[PDB]
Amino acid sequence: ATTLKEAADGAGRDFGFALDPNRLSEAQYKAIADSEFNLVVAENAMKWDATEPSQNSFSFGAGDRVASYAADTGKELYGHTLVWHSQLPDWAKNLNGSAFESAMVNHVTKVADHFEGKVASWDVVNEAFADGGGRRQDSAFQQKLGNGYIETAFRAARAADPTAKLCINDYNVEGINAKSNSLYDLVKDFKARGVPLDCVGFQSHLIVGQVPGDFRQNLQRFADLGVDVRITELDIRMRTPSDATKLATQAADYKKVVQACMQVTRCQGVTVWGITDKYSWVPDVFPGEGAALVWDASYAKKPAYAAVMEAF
């Protein structure tokens, strides 16, 4: 193969990226987006704040732009995200009880219906668990609705879109630990009771040199529950500036993550969280850290590019 798209294509897998529609007007950005991936997900265009900026007033512009890009270039489209505690507009945060529940059911219904037949899989609920185990406590959904909100989301999404794969997504659930254990219990429960849930996504926002040694083992145990698994927001950050050793380790880290996926038959593929280091969300959250993506800020391929090629 000569592009990652070709390598993932031959492996029978997905290799995607987080798209900011506003960047498509930068030729180098578009050139890479067109050539190297076979799947696309909206970085921000499909979240709650960008789609229902005010109660019952949907804004599908940015979202449609991403959905059009995928259809026009023949890429699979992944949806992100229906229910999520962050980027929740204040009108929602001010809602209470059944009212809040109705706003949630309606948001899930409208957004899923609008993209029906275009989005192949959705992160219906994202980041429901707390590091350390148990439910996230700082979530308006958990507070206002209690434990059953997740099941309600999945049931409402399945009713609006009969065929989209419905996934639950989280971070720090890559290795076997208290967070992935709680995640595992919930999936087992859902499958036992017939709650519609088809896949589990593992964000994989990792640190260089710190890739969980039991990644494969963990993906496999979820797969055994009869669900598909996917790596959804992969980037492996470092303390900047980067150097020859930091880039070499990161390469090897990319290789390990992709091989974990290649080794679990139900691992659908891998989605990196962006294309180039220059637009990466990392420096804005973790000051002092960065250089986490496969292309540097000059659009030059970092050693990671060749590692991923090999893993596929």
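The numbering used is simple: start at 1 and walk along the sequence shown.
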Mean Cα B-factor check, 48 to 56 vs 23 to 31, entry values; winner is 48 to 56
Mean Cα B-factor check, 186 to 194 vs 72 to 80, entry values; winner is 186 to 194
Per the deposited entry, the peak Cα B-factor within the set 276, 245, 271, 268 goes to 245
Among 181, 204, 96, 126, highest Cα B-factor in the entry goes to 96
Binned into thirds over the chain's modelled residues, the C-alpha B-factor of residue 211 lands in the highest
On the chain's distribution of Cα B-factors, residue 154 falls within the third called lowest
Assert third(CA B-factor, residue 280) within chain per record equals highest
Residue 303: CA B-factor among chain residues, third -> highest
Residue 165: CA B-factor among chain residues, third -> lowest
